[PDB]
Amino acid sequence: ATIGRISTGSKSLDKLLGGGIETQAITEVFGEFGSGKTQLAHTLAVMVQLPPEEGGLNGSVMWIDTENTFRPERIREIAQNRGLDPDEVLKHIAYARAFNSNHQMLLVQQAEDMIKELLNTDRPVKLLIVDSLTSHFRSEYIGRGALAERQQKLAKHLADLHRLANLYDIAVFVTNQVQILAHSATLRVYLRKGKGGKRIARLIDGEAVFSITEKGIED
């Protein structure tokens, strides 16, 4: 399958990314608390539902939430302000809370069932969000010997996510709160606060600038 692109809502960020978030890839956004990672996730969960000529993939969404940070009313606000029906957009997000890292890993395997079910409908899954990818792993695997153990378990989790992205033509979008470790995401985007309330994005391995608004994010 040819890869698809999803607009982030920001022309600046889309250009940095080569035309938006890619399917058949894991895109990791990382940065400090408050850098806008979850706002970008909320915006993408709306944008992917747009038709292709507007920057979406006519797609539905699966969301795995490790920090109780998903806000249905934020989805509804972004949707309405972009001209979409807020309740239809929300209904196309399958939502699950992961209560520890082992549950998080099972939920990714569980997601394959719904992905297969929706694959030949008019709104197949096109975006899988894990927010936060790392918070449970950081809490649970700590101290001497934890680096190797945590990295190995996260490598398996990311291998599972890569398989879903590649096999079913899905964009996987993950967040990582960061104040030397290896990472296996396809593309890593560093996000930080700038002046004037702006957020600044930089690829790791120019910079885009965007604001957080009633439309989610935009230039």
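So that there is no doubt, residue numbering starts at 1 and follows the sequence shown.
Of the other compared PDB entries of this protein that include residues on both sides, all give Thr27 atoms, none of them, and so not a third, leaving it without. Missing-residue comparison: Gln179 falls in the unmodelled set for a third or more of the other PDB entries checked.
According to the record, the deposited sequence contains 4 to 9 residues between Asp205 and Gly206 that were left without coordinates.
In this entry, the higher average B-factor at the C-alpha atoms falls on 109 to 117, of the pair 109 to 117 and 140 to 148.
Here 65 to 73 and 164 to 172 are compared by their mean Cα B-factor, and 65 to 73 comes out higher. Comparing C-alpha B-factors across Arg192, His183, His157, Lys37 in the deposited entry, the largest value falls on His183. Annotation for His103: C-alpha temperature factor in the lowest third relative to the rest of the modelled chain, per the entry. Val48: CA B factor in the lowest third of modelled residues in this chain (values from the PDB entry). Among the modelled residues of its chain, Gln179 has a C-alpha B-factor that falls in the highest third according to the deposited record. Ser135: CA B factor in the lowest third of modelled residues in this chain (values from the PDB entry). Ranked by C-alpha B-factor against the other modelled residues of its chain, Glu54 falls in the middle third.
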